[PDB]
Amino acid sequence: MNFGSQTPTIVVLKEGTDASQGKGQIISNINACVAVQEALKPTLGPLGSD
Amino acid sequence: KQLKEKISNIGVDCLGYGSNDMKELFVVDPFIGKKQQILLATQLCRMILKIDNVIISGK
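Residues numbered from 1 in each chain as written, not as in the entry; some residues may be left out. Chains lettered and ligands numbered in written order. Part of a larger assembly, values for the part shown. Heavy atoms only, no water.

In its metadata, the entry names cryo-EM as the structure determination method and reports 3.39 Å as the resolution.

The name given to chain B in the PDB entry is T-complex protein 1 subunit epsilon, with Saccharomyces cerevisiae as the source organism. For this structure, the PDB entry title reads "yeast TRiC-plp2-tubulin complex at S3 closed TRiC state".

Going by what the PDB entry lists, chain A is known as T-complex protein 1 subunit eta and is assigned to Saccharomyces cerevisiae.

Here you go:
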């Protein structure tokens, strides 16, 4: 009845598509913005650096 | 010497003459040329000092 020896299961998303649940991703997104924020932290002020 | 006397045309004699007074040595420079040495230097170094983050993308 079957076409061959075995039949591997289908991944729902495409192979290599990154996905994650829970509170870890939104913390990573916030930490990503804070990482960009730290570059512009000492630039603020009339006594900042280029 | 320059603190004592007010005459301000005495400098470094490089050719080895016996007198350092430049009235006799025939040397003259422009004011716009000597001014730009200080202006372009002091205005650049403000930019050099402000740099904090230095990112260099390797070719």
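**What about the interface of chain B and chain A?**
Using the following cut-off: Whether two residues are in contact is decided by their heavy atoms, any of which lying within 4.5 Å being enough. What counts as buried area is the accessible surface, traced by a 1.4 Å probe, that two parts surrender upon association, with contributions from both included. Salt bridges are defined by distance alone: a side-chain nitrogen of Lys or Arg within 4 Å of a carboxyl oxygen of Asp or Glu. Note on residue categories: nonpolar means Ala, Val, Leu, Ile, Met, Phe, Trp, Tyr, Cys or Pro, charged means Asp, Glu, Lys or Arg, and polar means any other residue, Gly included.
Chain B puts five residues into the contact, and the matching count from chain A is four residues. Here chain B meets chain A over a buried area of about 410 Å², counting both sides, of which 38% is carbon and sulfur. Among the residues of chain B in contact with chain A, B:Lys50, B:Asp52 and B:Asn53 are the three that bury the most area, contributing 85% of the side total. For the pair chain B and chain A, the interface holds zero salt bridges. Grouping the amino acids of the side of chain B that touches chain A by side-chain chemistry returns two nonpolar, one polar and two charged.

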